[PDB]
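First up is the structure itself, then whatever we jot down about it.
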Amino acid sequence: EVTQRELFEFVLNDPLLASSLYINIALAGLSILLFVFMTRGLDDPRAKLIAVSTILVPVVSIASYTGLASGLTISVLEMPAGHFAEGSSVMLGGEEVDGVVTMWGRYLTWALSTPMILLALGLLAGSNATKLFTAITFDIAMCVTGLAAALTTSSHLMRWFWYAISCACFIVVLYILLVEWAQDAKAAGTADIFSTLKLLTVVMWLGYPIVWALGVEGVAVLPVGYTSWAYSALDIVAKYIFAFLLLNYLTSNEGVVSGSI
Amino acid sequence: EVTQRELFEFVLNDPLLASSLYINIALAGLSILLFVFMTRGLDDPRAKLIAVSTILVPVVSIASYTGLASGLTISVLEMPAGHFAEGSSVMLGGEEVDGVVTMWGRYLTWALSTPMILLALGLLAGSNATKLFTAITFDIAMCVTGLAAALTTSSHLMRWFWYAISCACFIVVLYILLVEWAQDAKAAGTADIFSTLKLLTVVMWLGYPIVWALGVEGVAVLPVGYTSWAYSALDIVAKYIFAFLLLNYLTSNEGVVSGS
Amino acid sequence: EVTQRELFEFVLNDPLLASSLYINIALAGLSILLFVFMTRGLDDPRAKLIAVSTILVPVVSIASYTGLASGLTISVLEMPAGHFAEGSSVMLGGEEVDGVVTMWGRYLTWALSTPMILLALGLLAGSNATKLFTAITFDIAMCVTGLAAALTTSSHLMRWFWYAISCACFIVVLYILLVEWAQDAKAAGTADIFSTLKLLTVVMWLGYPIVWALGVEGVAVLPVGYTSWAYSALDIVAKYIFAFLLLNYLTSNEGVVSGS
Ligand SMILES: CCCCCCCCCO[C@@H]1O[C@H](CO)[C@@H](O)[C@H](O)[C@H]1O
Ligand SMILES: CCCCCCCCCO[C@@H]1O[C@H](CO)[C@@H](O)[C@H](O)[C@H]1O
Ligand SMILES: CCCCCCCCCO[C@@H]1O[C@H](CO)[C@@H](O)[C@H](O)[C@H]1O
Ligand SMILES: CCCCCCCCCO[C@@H]1O[C@H](CO)[C@@H](O)[C@H](O)[C@H]1O
Ligand SMILES: *C/C=C(C)/C=C/C=C(C)/C=C/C1=C(C)CCCC1(C)C
Ligand SMILES: *C/C=C(C)/C=C/C=C(C)/C=C/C1=C(C)CCCC1(C)C
Ligand SMILES: *C/C=C(C)/C=C/C=C(C)/C=C/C1=C(C)CCCC1(C)C
């Protein structure tokens, strides 16, 4: 019964929710412009690959956040028995609707952007194709099983089982970042910048499953609006500032990563 | 709740709609047969890569069009206030239903076929991996944001914002075709044939956002039936004749494109 | 009206259906741990690429089967006129509901796992990029048109048309497996292991379109519960035992697949 328009209007009229969404559409757009400008002098094909992969992060982000803001990738789901958000109401259109406003579109943002973050980092670290393939495939599995968890309403236990599977995939990604590429970067001559970006990425990425657990999808100590801002704040650092820092290094060290595709 | 059968029946009984879909299903099938025949002499792995990528175009087209013809990838959507198609109704089953018959399945056709056209062109021009990656990623973003625009019913302005984002992605693809690959093709020794396929692709591709703006998705000067035929006509040229021209060149110049 | 919980409960409380799903979740899970353990000694990057691609098979399987078991990837569809399952009922929850419980989630299991099976096999056979690309693309087309067939309710004949398209794509994959990779494997020095894996794959894969035609999706001689177990039994072989065999060889011939 809930229409896209009703959800679009619910987001508007809800200061927290509206701001957490529209601020990122704005920051993503500005980031694209800034990043394109910064990388204008790049000529080496390998350097340009790192640049495009990084720039695709805010491109995916602006489109995906528009998906949420428009109401296209938002749904109202009723949580299963025992879920801390069970029996919640939302007030849409004009009546009280059972369920929780679920911004599942965020998982699309993650599924399409995290592979680009990983591609950029792997290339920076001088990774071989095997580790890149492993990091990217498990990263995608992580995001998709996370979406499945959020979309599951049949059983409370099932939701957390998906969450556990997602975490396991996340561990694969963390192992590659912390152990494999950490060492590869030394041979690539990007040890300093990779270690910094590696640590920044690990710290911020760890925040997502924590927010999931604490937010409306998990134990719900954080209401819908606050869960959204938690994710948007993480996104601002894990995507935009992260990309700005990587591009800052790249544009001053093209020769170091020049090599060959 | 409109059924898949009701939309399938709607396509039928509606001349322009039925013809625009089934004629492309038929042409796609015939194209695949012809292309397979045309390329049985190929032996070079690189020449064969270009050939398979090209043949995948009509393969995606026949499956995707069947998705539309069957009603599977069609939905009825109610446009937002201010949209020229808002207030429209359609006869489905035994009742009048509010909304517009939306052939969103066409976006699946484009999202799966355009990357193959780009891959064939890039390989032909001797493009490096970075440019191929750039062209294909932005091409997919263009098709997906285009689909998002067609699926947005909450706000008229939002629909056009998606449209703008999609256009920006399109500009990236255009730049690579017109500037980068045009130059790369000279080193690959395929400057002439690339020039022909490039001109064809750029002109035809530019037609899609125009049809979008004029059709039911946009200001609706073109009814659902004319919108479909407009897109179908473009597909015939951008897909089938494009593929023929490329394959006709490939089968006579296998030596030129042969490589790593 | 049918909720996710109702389909979730339908699977549970139905010994046949529940066993066919939850058993594969367990086998997939145990397989991942077993394979990771078995390959812990690999050092060569090419060998590791084959191992990870193979390991992703049970990874996709455990996630996909959970999608089915949870009810997330299951729907209730009413078959079209003429379909042998037309006018069927099921009793979702405690009410008699028209249609057939359709576990379309299986197609996601296939579309995501088969490419990994093919990439592993192709690499083992020392396939060039062209054949890998050809096999994988037509394999995905096969899975997606198969899904389209299962999801089509507008026409009985349309379902079989999709089926035909999917079969045509399957033939392409079979040709690469049986003719081309069989030859490549010789030059790669993996002829004997490939022969074993090739036979197992061709035989098991042939079973799916057979189960489709015989099950509720096709002529419906096999009820929903038996159709599920038929696919599950095939999965156990085409995925888990196939993976064990490939990995057992891989870890014993790391040097051969490395090259230099
Ligand atoms: C910066 C991103 C650009 C997207 C801008 C989308 C916001 C458009 C909001 O429009 C307004 O919405 C109200 C509630 O639906 C209507 O009552 C009103 O008549 C309409 O004018
Ligand atoms: C690392 C994460 C830890 C996972 C924690 C998951 C525990 C939630 C279990 O759900 C509960 O299970 C009961 C028995 O099945 C149901 O009766 C009840 O209604 C349901 O709400
Ligand atoms: C990493 C985060 C850990 C997740 C912890 C989630 C545990 C959920 C506990 O909920 C409770 O479970 C009981 C059954 O055990 C129900 O009877 C009760 O009604 C329900 O409210
Ligand atoms: C390997 C992990 C797989 C997860 C399996 C989840 C099983 C949890 C079943 O819970 C029960 O489901 C019934 C029907 O919905 C409820 O009536 C009952 O109250 C609830 O306790
Ligand atoms: C731009 C977005 C970024 C960098 C997103 C990162 C997301 C994750 C690391 C998400 C991880 C999750 C789990 C490990 C468990 C289940 C839920 C998720 C999806 C939040
Ligand atoms: C076989 C199909 C082809 C070649 C399709 C091409 C499609 C495009 C070039 C579409 C472009 C669009 C925009 C630039 C703006 C928004 C709407 C679209 C999706 C029609
Ligand atoms: C792990 C799953 C595997 C190996 C699945 C293999 C599936 C196929 C070979 C399916 C083939 C089909 C056809 C050829 C015709 C139409 C229906 C299908 C999808 C069942």
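First the proteins, then the strands, lettered A, B, ... as listed; each starts at 1.
- Taking 4.5 Å as the heavy-atom cut-off, the residues of residues 24-34 of chain A that approach chain B are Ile25(A), ordered by number.
- Once rounded to the nearest 0.5 Å, the distance linking CG of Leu49(A) with OG1 of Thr134(B) reads 7.0 Å.
- Closest of all the heavy-atom pairs between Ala63(A) and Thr145(B) is CB-CG2, 3.8 Å.
- The side chain to side chain donor-acceptor pair (under 3.5 Å) check on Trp104(A) picks up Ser75(A), with sequence neighbours excluded.
- Looking at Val59(A), the atoms closer than 4.5 Å to chain B (heavy atoms on both sides) all sit in the side chain, from C-beta outward.
- Counting only heavy atoms from C-beta outward, the side chains of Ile261(A) and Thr130(B) approach each other to under 4.5 Å.
- In this view, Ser127(B) and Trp181(B) satisfy the side chain to side chain donor-acceptor pair (under 3.5 Å) rule, not counting sequence neighbours.
- Distance check: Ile165(B) CD1 to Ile62(A) CD1 gives 5.0 Å after rounding to the nearest 0.5 Å.
- Residue contact with chain A, scored on non-hydrogen atoms closer than 4.5 Å, involves the backbone and the side chain of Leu151(B) alike.
- Side-chain N or O atoms of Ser154(B) include none that pairs as donor or acceptor with a backbone N or O of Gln4(A) at under 3.5 Å.
- Side-chain contact between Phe133(B) and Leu56(A) is present, with at least one heavy-atom pair separated by less than 4.5 Å.
- In the displayed structure, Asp98(B) atom CG is contacted under 6.0 Å by more than 12 heavy atoms of other residues, nucleotides or ligands.
- Open room surrounds CZ on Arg5(B); 12 or fewer heavy atoms of other groups in view lie less than 6.0 Å from it.
- The contact list for residues 109-126 of chain A toward chain B, using heavy atoms and a distance under 4.5 Å, reads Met116(A), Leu119(A) by residue number.
- Annotation: side chain of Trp162(B) is in contact with side chain of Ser70(A) (closest heavy-atom distance under 4.5 Å).
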**Q.** Full working for side chain to side chain contact (heavy atoms under 4.5 Å, CB included) between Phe138(B) and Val52(A)
**A.** CA-CA 10 Å; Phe138(B) 276 94; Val52(A) 190; 4.0 Å; yes
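- In this structure, the portions of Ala69(A) lying under 4.5 Å from any heavy atom of chain B include both its backbone and its side chain.
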